[PDB]
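First come two forms of one protein chain, each written alone as structure tokens, so that there is a structure 1 and a structure 2.
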Structure 1
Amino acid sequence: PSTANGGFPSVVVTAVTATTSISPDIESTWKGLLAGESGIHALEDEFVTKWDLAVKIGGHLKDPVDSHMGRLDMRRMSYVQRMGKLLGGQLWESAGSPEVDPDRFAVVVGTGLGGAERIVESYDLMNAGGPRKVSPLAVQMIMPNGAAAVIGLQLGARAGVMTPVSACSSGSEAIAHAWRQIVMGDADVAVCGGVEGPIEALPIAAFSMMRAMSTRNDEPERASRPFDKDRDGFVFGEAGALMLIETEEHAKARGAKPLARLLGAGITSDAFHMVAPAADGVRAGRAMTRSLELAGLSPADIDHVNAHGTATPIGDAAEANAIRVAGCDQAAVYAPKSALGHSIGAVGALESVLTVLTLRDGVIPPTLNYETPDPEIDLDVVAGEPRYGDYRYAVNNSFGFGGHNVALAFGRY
């Protein structure tokens, strides 16, 4: 059973929303990427000077989430819940505020951590003034399912509200499980994607101490160099992203105009190391292969790979091997983290949206900062200018610390 042979129902993407370091408007982010814009800047936050952080670069959201939040929302929600509410509302408006069957409507939203700032706040409040100073709302704000739960309540989804956690692949895994919920017949429509917290001193310290992060502070826009010989780790770029998926029949019935098809999803694991990806890229490649099996595609059908491409030395080398294992090494490769940086639990969802726009508009943006090819990579990296083409099929790659591999197969509508 496959999408191609009608074993699974046809599933279409009918709306997308994202907030990024370039714009709060996904169409403006898209136009900016195609024009070679970067969201990465010098961090002006006082915490950089306070701690003299080795990393002094990153992409804050162009439009901060809390500029849209009233006093009640600031008191009763964690940051990722506030981001979830904002994007959920925007997505539903973009979809024409459809009246769907709540009992056939699912939400699947991944995140890296959850309402972690409310853990440290509760800890500090209790140490200061005892247990009665902890908010009655602490549990519902902290719990990592909090963002999915807020969006489910907001939009009226009664066919399941789910939160997969797999670190940097959480946002893609959410879209994978939303696809599974529809093709298994539990839902006809799903809001899915990923949200993530902002750049702060403790997050920078934790990832910096792994030596995972770029310290090219003198030239912030040149720091994120996926697949480049001179890469030195990832750059934080804040983001959140949701898409609306539904059966082709459901979309047709309400006169929704599909952006793309979601054809298949592959989830595998390395069982190799807690943070290092498997050097051979075999299980990562097999995630890509599994997405093709469920789609009913061959590797020769794949015109485009949206790479995980974090710009770590070991990460990009492993992914180049994975793309070869999957037989997709003739595909045009884009690494959006070159321009938008790394949003951890959100980034797979953001890159899924970018993959949909590539197929909709028949264009791949340039991988920024790709100036010196690495002999170990040997990929067709899109660079210098956007690449226009009749792109029919694309795979979005997303890999997570812990050895989690998620590949999503998309088709042009």
Structure 2
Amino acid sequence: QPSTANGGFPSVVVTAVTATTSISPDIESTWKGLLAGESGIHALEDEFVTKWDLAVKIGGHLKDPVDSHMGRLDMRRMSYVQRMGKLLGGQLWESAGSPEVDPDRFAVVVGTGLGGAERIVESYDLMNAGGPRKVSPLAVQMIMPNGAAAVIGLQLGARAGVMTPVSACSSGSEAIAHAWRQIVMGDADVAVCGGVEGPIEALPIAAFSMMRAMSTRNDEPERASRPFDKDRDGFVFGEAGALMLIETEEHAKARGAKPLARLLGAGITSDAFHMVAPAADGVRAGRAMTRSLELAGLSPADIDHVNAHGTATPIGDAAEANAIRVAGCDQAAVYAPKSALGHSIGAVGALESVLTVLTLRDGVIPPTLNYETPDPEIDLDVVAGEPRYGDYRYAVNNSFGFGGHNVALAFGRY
């Protein structure tokens, strides 16, 4: 059956990446900080933590706020994720040399966890106060969850499809998966793909912490996100947004673009087990990893690196450990970037995909922070202490979102 290795699918490569994180607005500066063991998780100086006395007092805001780049009109015309999307879309295109592509062969796939939710309550108040004629004619285009992808496609002139997949923590990775499908199926030759997500606020914290899914180690904020560690106690919020430019290898050579890595395959499965909790056996999540290898043309032996979902919840890490074993990749070097960057829901899958690309390019994996006592039930070779330089040829990025959505992206060194 067709595969990228046997020529069944056209070769797709990553040619540009961009991300804003709790470490830095510059993806290369974030990469450097991760290698130095830096963490973006700190104590929250926000007034809503003292106002509600939240159980969670830790999390990482963006190092460079999005609205510090937004004028009066952008604060008027777009939602937050649309503002983040326009900012990241412009940085990505300039970083790629601002090429002139065929719009009819240019697609955009940007995932998100919720959408323009804050614009719902704004138009909600604007009518309760003054009536229906006080809701802006731009309200519809601000609230629609496809708005971020629509803003990016309109800004860059993408006419081969503008899509927005929704799947909680796997939204960002699934967007890259569908952009890869849009190319190998012949519907496009170049695609901007990634994920955006809103900022940290009181209601997201309350909703997720009521599931006992978040960490409560407020005394040491940098030490709280402990994926695969035995003293973990949930995940930590870490604001992020990431986009990458993918295109066929022949499209990259024709415009003189230096590819950063290869996008080899993508697998999408589902648990059908629980509305928020992952399946303990990790069979379907591991099947997503296997599916990405089949479309790539690889076997579990070729996988040298696994960028794990690793949220640091007790049940999540244990389920992924079984998933990696089911996929036969338990000999690979594992990295859990949420140990330093936290969880950004709809954008984290895209961010960790960029980190996977940077790992293959530089042949180095940053250390998983706070991994000090290995969980006995979780026996995996995770990188810790200091960066591990290695000959990493192929890597798989995992993203298992709430609702049982499993997405695995197979990446290869260029």
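Between two forms, the rigid core is the largest collection of C-alphas that superpose within 1.5 Å. All residue numbers here follow the sequence of structure 1, with the first residue given the number 1.
For the residue set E249, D186, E93, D124, core-aligned C-alpha shifts between the two structures reach 2 angstroms or more at a single site, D124. Once you line up the core between the two structures, the Cα of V134 ends up 2 Å or more from where it was. Fit the two forms on the rigid core and the C-alpha of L53 turns out 0.6 Å off between the two structures. Shown is the Cα shift of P375 between the two structures after rigid core superposition, which amounts to 1.4 Å.
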